[PDB]
Amino acid sequence: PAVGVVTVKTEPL
Amino acid sequence: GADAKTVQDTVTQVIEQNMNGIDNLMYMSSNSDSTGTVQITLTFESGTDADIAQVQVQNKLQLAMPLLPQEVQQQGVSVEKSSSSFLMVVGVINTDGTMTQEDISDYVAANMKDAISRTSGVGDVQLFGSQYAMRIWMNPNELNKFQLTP
Amino acid sequence: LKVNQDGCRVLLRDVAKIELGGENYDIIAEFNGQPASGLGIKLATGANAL
Amino acid sequence: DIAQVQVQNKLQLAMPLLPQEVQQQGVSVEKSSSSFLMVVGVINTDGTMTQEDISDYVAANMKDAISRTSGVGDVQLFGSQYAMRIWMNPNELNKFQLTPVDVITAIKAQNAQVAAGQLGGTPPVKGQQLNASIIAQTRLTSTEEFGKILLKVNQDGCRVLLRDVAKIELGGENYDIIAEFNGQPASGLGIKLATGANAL
Amino acid sequence: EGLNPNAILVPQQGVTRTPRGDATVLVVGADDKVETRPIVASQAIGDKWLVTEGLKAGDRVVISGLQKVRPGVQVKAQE
Amino acid sequence: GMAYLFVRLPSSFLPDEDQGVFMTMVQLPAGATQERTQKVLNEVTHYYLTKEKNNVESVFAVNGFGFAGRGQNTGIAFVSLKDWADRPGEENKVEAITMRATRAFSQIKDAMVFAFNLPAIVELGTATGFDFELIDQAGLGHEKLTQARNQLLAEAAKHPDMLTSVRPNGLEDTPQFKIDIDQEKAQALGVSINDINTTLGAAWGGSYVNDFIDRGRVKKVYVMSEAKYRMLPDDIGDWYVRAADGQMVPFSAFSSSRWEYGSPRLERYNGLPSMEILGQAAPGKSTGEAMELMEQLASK
Amino acid sequence: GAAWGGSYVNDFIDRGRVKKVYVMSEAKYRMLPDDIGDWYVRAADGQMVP
């Protein structure tokens with residue numbers, strides 16, 4: 001079963 | 001403003017601790033909310049009107065009236081008897097959409113809705129909507145600007 | 001609203017926004033593409049239908 | 001019921017005419033006939049619990065599902081609910097120059113319940129993702145929470161907690177009735193006849 | 001603006017105050033059966049939330065499907 | 001053998017025959033806003049309008065409302081049809097429409113949404129669902145009643161042979177935000193807490209005051225500041241309060257705060273602490289069998 | 001009458017139960033007619049007055 005999977009990119013502040 | 005805990009205590013346990021000497025139910029049910037609309041549902045024995053036990057319970061509620069938070073009864077409390085059956089839904093909307101759903105709501109509500117209630121055969125017209133109000137939007141920079149409190 | 005001894009008047013519009021108001025704002029109800037207003041009707045006991 | 005609601009609704013006409021305080025307590029507008037039925041007693045035969053404790057035990061615990069039983073008139077509580085009972089000392093009030101009225105003003109001032117709201121109710125801003133409810137000052141539960149209720153200070157912070165002048169305990173809403181059943185009090189419970197009750 | 005650019009800013013959606021007095025966020029596992037990790041969620045920033053604890057860029061955090069899924073169910077990724 | 005066929009026959013109640021509409025229940029996960037919910041309603045609305053042009057003759061959904069609980073994660077679509085004569089064919093009958101709807105719901109992500117027909121006398125349930133409440137008589141913690149509850153939802157999932165949905169109406173304990181105040185800080189400010197809170201729920205719950213007239217119409221007065229001003233916990237810190245001296249005071253001068261749980265929709269049944277336990281049985285098994293099952297699991 | 005007839009104030013919760021609040025001093029402190037003189041009240045200056 002498929003899931004909406006959103007993944008981290010945290011470069012600036 | 002208040003929570004389901006305040007619902008339970010300041011309102012609902014007032015009722016439960018006053019739903020006493022109560023007559024001819026089949027049972028009773030209730031729920032809470034954070035929004036504030038408490039609802040108690042009271043399934044009663046058949047063969048009778050709603051009105052006798054209605055005024056029983058709502059008059060021990062009249063015994064319960066100063067026990068309320070003053071604020072909600074300053075707003076008012078719906079203590080109603082209604083069988084929960086609809087009649088129909090009524091579709092009222094500016095197809096242009098230039099007016100808000102509030103605008104239509106108080107439009108019909110002030111204007112039209114009431115003479116429907118001045119017509120035969122009515123239970124409740126559910127106003128999906130409300131009256132207008134004097135809605136006000138503060139600024140802490142302005143209170144702060146003039147060193148004030150709301 | 002408040003002043004000083006000059007009488008620098010303060011107005012409610014100067015601090016806040018004035019408009020009409022939903023007592024709540026909670027139901028965005030929609031019917032056929034546009035959000036629509038709705039009016040329930042319920043039954044009168046002992047009345048007719050037809 | 002007809003003349004009942006006649007008279008109790010001209011009593012509804014008569015409501016603000018009362019002293020406000022007794023209707024802050026309430027009025028026993030009661031239609032009932034004077035017909036008893038069984039007044040069921042219980043007692044800790046040790047007597048470790050007071051008659052108040054038994055009364056609040058049933059009244060909180062037992063009494064109400066008896067009221068959830070068929071055919072019931074009144075469930076008569078020969079007794080009462082627990083409460084908060086406080087016993088002052090004018091030596092200590094006088095020691096800190098205390099009016100108990102202002103003590104009550106603090107009692108309301110910290111006891112009361114605060115309606116708060118939510119973290120951005122309707123309508124929020126566009127693009128808002130989160131609303132939840134603001135949680136705020138609560139009506140209190142423990143007698144030590146009650147006991148730590150702040151009273152006057154000095155400028156250093158030489159504070160006054162609660163009681164410190166007084167006494168916290170459970171409150172008999174009166175203390176006036178002494179029943180006794182054979183060496184000790186008990187809990188007799190008046191299960192009175194309902195009007196239309198069906199007894200056997 | 002501003003200080004050190006490395007700053008774990010996840011939007012508010014997966015942010016769970018879980019449990020009592022605590023705050024975790026559930027990530028998927030590497031074998032698609034999901035894998036919650038408790039994290040020090042710092043101050044919310046914008047539509048997002050600062051995290052100090054543990055997580056890196058590229059960590060397979062979720063959005064949508066968290067309710068049919070408990071730890072132990074494989075997952076096919078979507079954005 | 002007549003008696004054999006007599007006893008072997010299953011039973012039911014009065015059927016959900018046609019209504020002309022169907023009732024469309026829409027449920028989202030908690031914490032999600034009415035904006036995201038609104039997006040969802042636009043999606044589902046777009047499905048039954050656009051991908052179901054051929055029969056769909058009505059829409060009306062209520063964003064924010066739930067008859068199962070008036071919260072931000074629910075919405076209802078009132079969906080009518082054409083004339084009966086304008087819908088010939090068994091796929092043009094309401095049940096199969098709901099079956100394709102369920103296939104769409106399986107297709108729909110980020111949701112717990114199902115439509116159905118109500119009873120003809122709608123005050124009865126789902127007509128396959130028993131209503132089941134469960135109440136701790138001893139006051140053993142609503143949260144621990146929820147432990148034993150969802151524990152018994154796991155147990156309720158241990159018998160798929162019995163049920164078709166063991167689902168509750170559980171509106172979940174929420175992340176939520178308690179703000180604590182020091183009185184000795186407050187008395188160090190010497191300012192009445194009641195009016196601080198009056199300021200608070202005035203600005204953070206909103207304040208009714210009184211009424212007026214437009215065109216002969218008594219109307220309410222409400223006041224609470226801007227959405228951008230009522231959005232953050234740090235927005236809490238923005239609010240300054242005059243004290244006995246006349247100084248403007250942040251809440252953060254005296255306010256701590258933290259998070260926790262708490263469910264918005266609590267329930268008490270016959271005045272007794274309850275949680276809504278719906279359930280429909282698998283077809284071919286009576287609900288009294290489900291009573292024997294869950295009541296022997298009420299041993300647990 | 002707060003201290004000589006008792007003083008109800010308001011209520012609270014124990015274990016989900018709204019309960020009354022009373023206050024009046026000790027039996028030995030509420031017994032004599034002379035005990036009336038034992039009570040002192042802040043005047044306009046805030047000074048305890050028998």
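Every number here is computed from the coordinates shown, using simple stated rules; none is lab data. Methodologically, a virtual Cβ is constructed for each residue, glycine included, from the backbone with ideal geometry; neighbour enumeration extends over all protein chains shown.
Figures for the structure shown
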| item | result |
| --- | --- |
| Of residues in region F:27-46 being among the hydrophobic types (A, V, I, L, M, F, W, C) and within 12 Å of chain C (Cβ to nearest Cβ), the one farthest from E:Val15 (Cα to Cα) | F:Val44 |
| Qualifying residue in region F:225-247 (condition: in contact with a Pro (Cβ under 7 Å, 6 or more places away or on another chain), in a loop (DSSP other than H, G, I, E, B), touching a residue at least 60 places away in the same chain (Cβ under 8 Å) and of a type in the set (A, V, I, L, M)) | no |
| Filter result (farther than 30 Å from G:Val49 by Cα, within 20 Å of the chain's Cα centre (by Cα) and not polar (S, T, N, Q)) within region D:67-114 | D:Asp74, D:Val75, D:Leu77, D:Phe78, D:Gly79, D:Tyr82, D:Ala83, D:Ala112, D:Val114 |
| Residue selected from region B:95-119 under the condition within 8 Å of chain C (Cβ to nearest Cβ) and among the polar types (S, T, N, Q), by the criterion farthest from D:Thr122 (Cα to Cα) | B:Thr95 |
| In region B:50-70, residue farthest from F:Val122 (Cα to Cα) [restricted to those that are surrounded by 13 or more Cβ atoms within 10 Å (Cβ to Cβ) and within 14 Å of chain C (Cβ to nearest Cβ)] | B:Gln54 |
| Whichever residue in region E:28-49 is more than 9 Å from chain A (Cβ to nearest Cβ) and hydrophobic (A, V, I, L, M, F, W, C) and, among such residues, is farthest from F:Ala111 (Cα to Cα) | E:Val40 |
| Check on C:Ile41, within 7 Å of another protein chain (Cβ to nearest Cβ), in a strand (DSSP E or B), out of contact with any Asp or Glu (no Cβ under 7 Å at 6 or more places or on another chain) and within 30 Å of B:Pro140 (Cβ to Cβ) | no |
| Sole residue being facing another protein chain (nearest Cβ under 7 Å) and over 10 Å from the mean Cα position of the chain (by Cα), chosen from G:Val49, G:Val23, G:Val18 | G:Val18 |
| Which listed residue is farther than 13 Å from F:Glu133 by Cβ, touching a helix residue (DSSP H, G or I) at 6+ places or on another chain (Cβ under 7 Å) and small (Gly, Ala, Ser), from F:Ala281, F:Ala290 | F:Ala281 |
| Boolean, F:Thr199 is surrounded by 15 or more Cβ atoms within 10 Å (Cβ to Cβ) and under 28 Å from G:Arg15 (Cα atoms) | no |
| Selected residue [in contact with a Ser or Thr (Cβ under 8 Å, 6 or more places away or on another chain), more than 10 Å from every other protein chain (Cβ to nearest Cβ) and over 25 Å from C:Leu39 (Cβ atoms)] from F:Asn55, F:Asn73 | F:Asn73 |
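Conditions tested, residue by residue: (1) within 10 Å of chain D (Cβ to nearest Cβ); (2) in contact with a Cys (Cβ under 6 Å, 6 or more places away or on another chain); (3) not acidic (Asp, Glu).
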position	(1), (2), (3)
F:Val113	no, no, yes
F:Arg149	no, no, yes
F:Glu155	no, no, no
F:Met162	no, no, yes
F:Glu172	no, no, no
F:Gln176	yes, no, yes
F:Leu200	yes, no, yes
